[PDB]
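Participant: Mind having a look at this structure? Questions to follow.
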Amino acid sequence: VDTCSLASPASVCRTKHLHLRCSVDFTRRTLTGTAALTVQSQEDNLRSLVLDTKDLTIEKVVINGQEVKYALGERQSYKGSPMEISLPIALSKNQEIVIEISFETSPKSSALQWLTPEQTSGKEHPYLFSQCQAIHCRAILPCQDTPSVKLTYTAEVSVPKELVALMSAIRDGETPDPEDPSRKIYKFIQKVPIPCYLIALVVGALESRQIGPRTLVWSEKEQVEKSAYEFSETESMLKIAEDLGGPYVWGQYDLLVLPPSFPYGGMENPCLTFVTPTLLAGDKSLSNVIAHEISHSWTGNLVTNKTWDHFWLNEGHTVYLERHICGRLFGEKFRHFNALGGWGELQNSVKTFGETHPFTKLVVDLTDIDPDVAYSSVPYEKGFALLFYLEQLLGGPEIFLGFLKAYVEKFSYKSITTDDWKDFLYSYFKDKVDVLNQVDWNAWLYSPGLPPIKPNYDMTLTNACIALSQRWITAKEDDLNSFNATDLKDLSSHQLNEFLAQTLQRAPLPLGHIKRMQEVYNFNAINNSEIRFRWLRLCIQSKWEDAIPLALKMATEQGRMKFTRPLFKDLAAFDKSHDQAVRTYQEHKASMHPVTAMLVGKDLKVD
Ligand SMILES: N[C@H](CO)Cn1ccc(-c2ccc(Oc3ncc(-c4ccn[nH]4)cc3F)cc2)n1
Ligand SMILES: [Yb+3]
Ligand SMILES: [Yb+3]
Ligand SMILES: [Zn+2]
């Protein structure tokens with residue numbers, strides 16, 4: 001049972017295809033059109049079905065050319081309102097019908113962000129982008145909003161002729177709108193069955209540049225050149241991922257660089273990965289996010305979690321594949337460095353929530369819980385830690401990569417649960433069932449806090465980060481002048497970030513230490529969003545007032561929740577910046593992404 005959906009479960013009926021014909025209205029901030037759902041009955045004598053909707057205005061529902069009866073139930077908070085549709089004829093098991101729903105989105109659609117020209121790079125055109133994961137597809141169109149149902153889709157999107165529409169699908173042509181010569185229709189086709197949370201749309205003054213045989217980088221004109229260089233390893237990463245998980249079945253692997261308000265690092269929308277512009281560091285140092293979104297073309301998009309309770313399967317395996325891709329390109333010691341850093345991020349999440357918090361569990365019960373609120377590093381890092389621990393237990397990376405490939409093949413185009421994964425792991429490793437029977441499955445899968453067993457990690461690249469971090473932490477005022485810019489000479493940007501992350505776990509440091517760090521390291525000049533973020537968190541937690549405008553700026557000039565959310569919390573926890581953080585949130589709230597606004601509001605306790 002998917003307790004996050006109000007629609008009929010896959011055991012009643014299944015959506016096989018969506019044909020979406022819509023028009024993007026920027027003056028009304030509305031998406032108007034028809035969603036034609038080809039639904040297949042799974043039961044005999046099926047006379048009605050229920051769909052998910054959230055803030056959708058419904059004009060009518062047409063089945064076999066005639067308007068049919070429908071009713072919208074009472075709203076269930078973030079879940080939206082159920083939409084019951086009366087079928088005009090009873091269906092036998094396996095019978096299909098097309099249900100054509102005329103709908104209109106609310107300007108407040110939690111799935112969309114409408115941007116005025118001033119909120120874009122070029123300042124001449126408006127912009128739109130969607131974010132459907134996890135349960136926001138219902139805020140775009142009426143659907144069975146559950147990863148347990150996979151469907152194909154075709155789309156026709158009418159937009160002003162000067163703009164470009166893009167979707168998580170193959171571009172299937174374009175023409176002037178016959179009903180409106182000032183608009184253009186962009187056509188799309190997604191031939192591989194996907195869960196609806198993967199349906200994506202972007203409309204803006206977009207340009208493209210080819211960066212590989214099957215990859216174009218899309219963005220506003222001002223960011224194309226920077227993006228083309230930043231993500232130039234995409235094809236090499238696709239070839240490694242193909243070697244690890246089998247053929248790439250999606251045809252195209254495009255990347256879209258979104259405006260700074262994009263709430264996530266990346267979103268694995270099939271054919272068109274969505275990335276935050278905060279990845280544009282100038283040196284490819286944040287390319288693991290691309291390796292991660294590429295990996296989802298197998299774990300997540302081919303093998304999908306049946307419900308959001310089993311989401312760890314999506315991220316845990318993706319982070320596992322991502323670290324193998326980066327391990328193949330830069331070495332095994334680098335995979336251990338990232339894996340160890342990942343354990344440190346799990347330590348932080350477990351500390352923030354508390355070691356008894358149900359959100360630190362690998363498998364959660366999301367009944368009555370908004371998935372956006374449960375979202376954190378736990379499914380990622382705790383999931384990864386389990387696979388890395390199993391890898392060491394079962395004979396090493398080469399043996400465990402054999403399981404991952406067989407796992408992807410076995411469950412391709414399917415939605416599965418933690419028990420499905422576990423039976424397959426036990427089946428594949430039948431000659432090692434004694435080893436598998438030593439795993440504390442109850443604690444690993446269902447217990448809060450840190451995992452019962454910590455894997456083994458090579459320390460070659462981490463040693464230098466811990467050594468410099470410990471030198472600063474143990475330093476007294478008369479040791480401050482022993483620090484020099486030469487302390488960072490043999491540290492890569494990743495090692496600088498791990499140095500700051502280690503130091504931040506012991507924050508605050510004395511204000512004079514933080515002041516000396518800026519004197520010798522000039523961390524204020526670093527543009528790399530990951531390093532900048534940790535440095536400003538260190539400054540704010542260490543109570544440096546000079547860092548307040550810098551932190552307020554980073555929290556508002558970009559909207560990637562990984563940075564915006566903790567920056568606002570740190571600023572709210574510091575008495576000197578508390579009123580400023582609260583006022584800044586209030587004035588930016590209207591211009592913010594609907595989910596980032598809700599979550600920043602909750603963290604700050606501002607309604
Ligand atoms: N996917 C790309 C990465 O490329 C980024 N992205 C965009 C949107 C989301 C998203 C994913 C899941 C989600 O809901 C859930 N969050 C956490 C848990 C959980 C906690 C412990 N165990 N399970 C279970 C959940 F259903 C909310 C938002 N992610
Ligand atoms: Yb075609
Ligand atoms: Yb079994
Ligand atoms: Zn992911």
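Going through the structure tokens in order, the chains are called A, B, and so on, while each chain numbers its residues from 1 and the ligands are numbered from 1 in the order shown.
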Neighbouring residues of residue 604 (chain A) were defined as those with any atom within 8 Å, considering only C-alpha atoms; residues of the same chain fewer than 5 positions away were excluded. Please report them as a tab-separated table (two decimals) with C-alpha atoms, in the first residue's frame.

Facilitator:
```tsv
chain	number	residue	atom	x	y	z
A	568	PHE	CA	19.21	30.13	7.48
A	569	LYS	CA	19.21	27.84	10.61
A	572	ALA	CA	18.61	32.12	13.11
A	582	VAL	CA	13.89	36.05	9.77
```

Participant: Identify, on the basis of only C-alpha atoms, every residue whose closest approach to region 544-559 of chain A does not exceed 8 Å; exclude the query and any residue fewer than 3 positions from it along the same chain; express the result as number ranges by chain.

Facilitator: A: 260-263, 278, 511, 514, 533, 536-537, 539-541, 563-565, 567-568, 571, 576-577, 581, 584, 588, 592-593, 596

Participant: If you count only C-alpha atoms and all ligand atoms, which residues end up within 8 Å of ligand 2, as a list in words?

Facilitator: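 With only C-alpha atoms and all ligand atoms and a cut-off of 8 Å, ligand 2 is contacted by residues 171, 172 and 173 of chain A.
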
Participant: Find the residue from A:379, A:122, A:212, A:342 that sits nearest to ligand 1; use only C-alpha atoms and all ligand atoms when measuring.

Facilitator: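 Among the listed residues, A:379 lies closest to ligand 1.
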
Participant: Residues within 6 Å of ligand 1, counting only C-alpha atoms and all ligand atoms: report them as a list in words.

Facilitator: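 Counting only what the definition allows, namely only C-alpha atoms and all ligand atoms, the set is residues 133, 134, 264, 266, 267, 268, 293, 308, 309, 311, 312, 359, 360, 361, 362, 363, 364, 371, 372, 374, 375, 376, 378 and 379 of chain A.
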
Participant: Where does DSSP see strand (DSSP E or B) in region 15-48 of chain A, if you list the residues as an MDAnalysis selection string?

Facilitator: chainID A and resid 15:25 30:41 46:48

Participant: If you run DSSP on the backbone, which residues of region 406-598 of chain A are alpha helix (DSSP H), as a PyMOL selection string?

Facilitator: chain A and resi 406-410+418-428+433-436+441-446+463-474+493-504+511-521+529-541+547-557+561-573+578-588+594-598

Participant: Restricting it to C-alpha atoms, dump the selection as a tab-separated table (two decimals), in the first residue's frame.

Facilitator:
```
chain	number	residue	atom	x	y	z
A	406	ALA	CA	22.22	-8.71	-11.88
A	407	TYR	CA	19.94	-6.64	-9.55
A	408	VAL	CA	19.41	-4.00	-12.25
A	409	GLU	CA	18.74	-6.66	-14.91
A	410	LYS	CA	16.33	-8.58	-12.62
A	418	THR	CA	13.30	-3.65	0.64
A	419	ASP	CA	12.15	-7.31	0.97
A	420	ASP	CA	12.39	-7.76	-2.85
A	421	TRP	CA	15.98	-6.43	-2.75
A	422	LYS	CA	16.80	-8.70	0.24
A	423	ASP	CA	15.42	-11.92	-1.35
A	424	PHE	CA	17.38	-11.18	-4.55
A	425	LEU	CA	20.60	-10.44	-2.56
A	426	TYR	CA	20.13	-13.73	-0.64
A	427	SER	CA	19.39	-15.61	-3.89
A	428	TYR	CA	22.41	-14.14	-5.82
A	433	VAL	CA	24.03	-17.09	3.04
A	434	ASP	CA	26.00	-17.83	6.27
A	435	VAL	CA	27.80	-14.47	5.84
A	436	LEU	CA	24.50	-12.64	5.09
A	441	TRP	CA	19.00	-6.72	9.42
A	442	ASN	CA	16.59	-5.33	12.03
A	443	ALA	CA	19.04	-2.65	13.13
A	444	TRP	CA	20.33	-1.91	9.61
A	445	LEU	CA	16.90	-1.58	7.99
A	446	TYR	CA	14.51	-0.60	10.80
A	463	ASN	CA	44.77	11.89	6.94
A	464	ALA	CA	45.88	15.37	5.76
A	465	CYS	CA	42.37	16.84	6.40
A	466	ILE	CA	42.16	15.38	9.90
A	467	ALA	CA	45.74	16.52	10.64
A	468	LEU	CA	45.10	20.17	9.66
A	469	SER	CA	41.68	20.20	11.35
A	470	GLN	CA	43.20	18.82	14.59
A	471	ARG	CA	46.05	21.39	14.41
A	472	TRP	CA	43.45	24.19	14.36
A	473	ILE	CA	41.20	22.66	17.07
A	474	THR	CA	44.11	22.02	19.48
A	493	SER	CA	39.52	21.20	-3.39
A	494	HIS	CA	37.93	17.97	-2.06
A	495	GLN	CA	40.51	17.82	0.73
A	496	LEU	CA	39.85	21.52	1.54
A	497	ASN	CA	36.13	20.68	1.82
A	498	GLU	CA	36.89	17.65	4.04
A	499	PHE	CA	39.21	19.86	6.20
A	500	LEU	CA	36.29	22.35	6.70
A	501	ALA	CA	33.77	19.51	7.27
A	502	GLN	CA	35.99	17.95	10.00
A	503	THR	CA	36.43	21.40	11.63
A	504	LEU	CA	32.65	22.15	11.39
A	511	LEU	CA	36.60	33.80	16.97
A	512	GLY	CA	40.32	34.61	16.78
A	513	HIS	CA	41.00	31.20	15.17
A	514	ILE	CA	38.34	31.86	12.52
A	515	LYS	CA	39.78	35.35	11.92
A	516	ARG	CA	43.28	33.85	11.52
A	517	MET	CA	41.89	31.22	9.07
A	518	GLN	CA	40.63	34.04	6.80
A	519	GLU	CA	43.98	35.91	7.22
A	520	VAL	CA	46.07	32.95	5.99
A	521	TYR	CA	43.67	30.96	3.78
A	529	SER	CA	29.71	26.48	-3.21
A	530	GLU	CA	30.49	23.40	-1.10
A	531	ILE	CA	33.65	24.92	0.48
A	532	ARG	CA	32.06	28.42	0.72
A	533	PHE	CA	28.97	26.91	2.45
A	534	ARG	CA	31.02	25.06	5.12
A	535	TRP	CA	33.31	28.06	5.67
A	536	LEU	CA	30.36	30.44	6.23
A	537	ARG	CA	28.65	27.89	8.54
A	538	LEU	CA	31.95	27.74	10.50
A	539	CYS	CA	32.06	31.57	10.69
A	540	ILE	CA	28.42	31.91	11.79
A	541	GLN	CA	28.58	29.09	14.38
A	547	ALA	CA	30.29	36.73	7.95
A	548	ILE	CA	26.55	37.56	8.48
A	549	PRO	CA	26.15	39.53	5.13
A	550	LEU	CA	28.17	36.84	3.31
A	551	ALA	CA	25.95	34.03	4.73
A	552	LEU	CA	22.69	36.01	4.16
A	553	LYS	CA	23.78	36.54	0.52
A	554	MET	CA	24.59	32.83	-0.09
A	555	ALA	CA	21.27	31.75	1.46
A	556	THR	CA	19.27	34.07	-0.86
A	557	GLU	CA	21.35	34.40	-4.14
A	561	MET	CA	18.26	23.45	0.07
A	562	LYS	CA	21.51	21.64	1.07
A	563	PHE	CA	23.01	25.16	1.44
A	564	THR	CA	20.01	27.52	1.93
A	565	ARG	CA	18.39	25.50	4.74
A	566	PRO	CA	21.42	25.16	7.13
A	567	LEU	CA	22.60	28.73	6.37
A	568	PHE	CA	19.21	30.13	7.48
A	569	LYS	CA	19.21	27.84	10.61
A	570	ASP	CA	22.75	28.93	11.59
A	571	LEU	CA	21.81	32.60	11.05
A	572	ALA	CA	18.61	32.12	13.11
A	573	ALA	CA	20.59	30.41	15.95
A	578	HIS	CA	18.44	36.13	14.09
A	579	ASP	CA	16.23	39.17	13.22
A	580	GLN	CA	18.09	39.55	9.90
A	581	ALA	CA	17.61	35.86	8.93
A	582	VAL	CA	13.89	36.05	9.77
A	583	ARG	CA	13.37	39.37	7.88
A	584	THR	CA	15.36	38.14	4.84
A	585	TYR	CA	13.20	35.00	4.72
A	586	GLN	CA	9.95	37.08	4.90
A	587	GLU	CA	10.94	39.38	2.02
A	588	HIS	CA	12.25	36.53	-0.20
A	594	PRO	CA	7.35	26.64	-2.99
A	595	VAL	CA	9.06	23.66	-1.23
A	596	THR	CA	12.22	25.63	-0.17
A	597	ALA	CA	9.88	28.36	1.26
A	598	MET	CA	7.85	25.79	3.24
```

Participant: Using only C-alpha atoms, determine which residues lie at most 10 Å from residue 102 (chain A), disregarding the query and same-chain residues fewer than 5 positions distant; provide the list as a PyMOL selection string.

Facilitator: chain A and resi 21-22+32-36+57-62+141-142

Participant: Residues of the last selection are to be written out with N, CA, C and O atoms, as a short mmCIF file (atom, residue, chain, number, x, y, z; two decimals), in the first residue's frame.

Facilitator:
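After the write, result-v9.cif holds the following:
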```
data_model
loop_
_atom_site.label_atom_id
_atom_site.label_comp_id
_atom_site.auth_asym_id
_atom_site.auth_seq_id
_atom_site.Cartn_x
_atom_site.Cartn_y
_atom_site.Cartn_z
N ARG A 21 -1.47 17.38 -23.47
CA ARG A 21 -1.55 18.49 -24.42
C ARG A 21 -1.79 19.68 -23.54
O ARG A 21 -2.85 19.75 -22.93
N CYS A 22 -0.80 20.56 -23.38
CA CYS A 22 -0.96 21.70 -22.50
C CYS A 22 -0.36 22.98 -23.05
O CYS A 22 0.35 22.96 -24.05
N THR A 32 -2.50 24.92 -18.55
CA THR A 32 -3.86 24.49 -18.88
C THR A 32 -3.81 23.49 -19.99
O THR A 32 -3.10 23.71 -20.97
N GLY A 33 -4.63 22.46 -19.89
CA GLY A 33 -4.71 21.49 -20.97
C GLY A 33 -5.49 20.26 -20.63
O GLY A 33 -6.42 20.28 -19.82
N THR A 34 -5.14 19.18 -21.31
CA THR A 34 -5.79 17.92 -21.11
C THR A 34 -4.73 16.89 -20.81
O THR A 34 -3.65 16.90 -21.40
N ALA A 35 -5.04 16.00 -19.87
CA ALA A 35 -4.17 14.88 -19.56
C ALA A 35 -4.98 13.67 -19.98
O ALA A 35 -6.06 13.44 -19.42
N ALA A 36 -4.52 12.93 -20.99
CA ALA A 36 -5.23 11.74 -21.43
C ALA A 36 -4.54 10.50 -20.86
O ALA A 36 -3.46 10.12 -21.30
N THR A 57 -7.61 22.73 -10.91
CA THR A 57 -8.98 23.07 -11.28
C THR A 57 -9.35 22.10 -12.40
O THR A 57 -8.56 21.93 -13.33
N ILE A 58 -10.50 21.43 -12.31
CA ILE A 58 -10.91 20.47 -13.33
C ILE A 58 -12.08 21.05 -14.09
O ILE A 58 -13.04 21.48 -13.47
N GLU A 59 -11.99 21.12 -15.42
CA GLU A 59 -13.08 21.66 -16.23
C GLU A 59 -14.09 20.54 -16.56
O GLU A 59 -15.30 20.76 -16.48
N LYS A 60 -13.58 19.36 -16.94
CA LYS A 60 -14.40 18.24 -17.33
C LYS A 60 -13.56 16.96 -17.53
O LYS A 60 -12.34 17.02 -17.55
N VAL A 61 -14.22 15.80 -17.65
CA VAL A 61 -13.55 14.51 -17.87
C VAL A 61 -14.27 13.82 -19.02
O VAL A 61 -15.47 13.61 -18.93
N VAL A 62 -13.56 13.53 -20.10
CA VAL A 62 -14.16 12.94 -21.28
C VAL A 62 -13.69 11.51 -21.55
O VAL A 62 -12.49 11.26 -21.64
N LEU A 141 -0.71 17.42 -12.91
CA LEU A 141 -1.79 16.78 -13.63
C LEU A 141 -2.45 15.67 -12.81
O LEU A 141 -1.81 15.13 -11.91
N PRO A 142 -3.73 15.33 -13.09
CA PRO A 142 -4.37 14.25 -12.32
C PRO A 142 -3.72 12.93 -12.70
O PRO A 142 -3.58 12.64 -13.90
#
```

Participant: With distances taken over only C-alpha atoms, which of A:243, A:288, A:230, A:19 is nearest to residue 188 (chain A)?

Facilitator: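 Among the listed residues, the smallest separation from residue 188 (chain A) belongs to A:19.
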
Participant: Can you measure CA of residue 120 (chain A) to CA of residue 599 (chain A) for me? One decimal in Å is fine.

Facilitator: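 Distance reported for this atom pair: 22.9 Å.
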
Participant: Write out as number ranges by chain each polymer residue whose atoms come within 8 Å of residue 314 (chain A), counting only C-alpha atoms; drop sequence neighbours fewer than 6 positions from it.

Facilitator: A: 296, 299-300, 303-305

Participant: Next, write the just-selected residues to a file, as a compact mmCIF listing (two decimals), in the first residue's frame, keeping C-alpha atoms as the atom set.

Facilitator:
```txt
# COMPACT_ATOMS: atom_id res chain seq x y z
CA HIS A 296 19.95 6.93 -11.45
CA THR A 299 18.99 2.59 -9.80
CA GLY A 300 15.87 4.65 -9.44
CA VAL A 303 14.61 -0.22 -10.76
CA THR A 304 12.21 2.02 -8.84
CA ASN A 305 11.15 2.01 -5.13
```

Participant: Using only C-alpha atoms and all ligand atoms, which of the listed residues (A:429, A:78, A:186, A:523) sits closest to ligand 3?

Facilitator: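 Distance minimum relative to ligand 3 lands on A:429.
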
Participant: From the set A:47, A:73, A:31, A:150, which residue has the shortest atom-to-atom contact distance to residue 16 (chain A), counting only C-alpha atoms?

Facilitator: A:150

Participant: Find the residues near region 323-335 of chain A: any atom within 9 Å, counting only C-alpha atoms, skip ones fewer than 4 places away on the same chain, and give them as a list in words.

Facilitator: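 Listed by chain and then number, they are residues 236, 237, 238, 240, 241, 244, 287, 288, 291, 292, 295, 318, 319, 339, 340, 397, 457, 458, 459, 460 and 461 of chain A.
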
Participant: Report, in Å to a single decimal, how far apart CA of residue 162 (chain A) and CA of residue 207 (chain A) are.

Facilitator: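 Spanning CA of residue 207 (chain A) to CA of residue 162 (chain A) is a straight-line distance of 11.6 Å.
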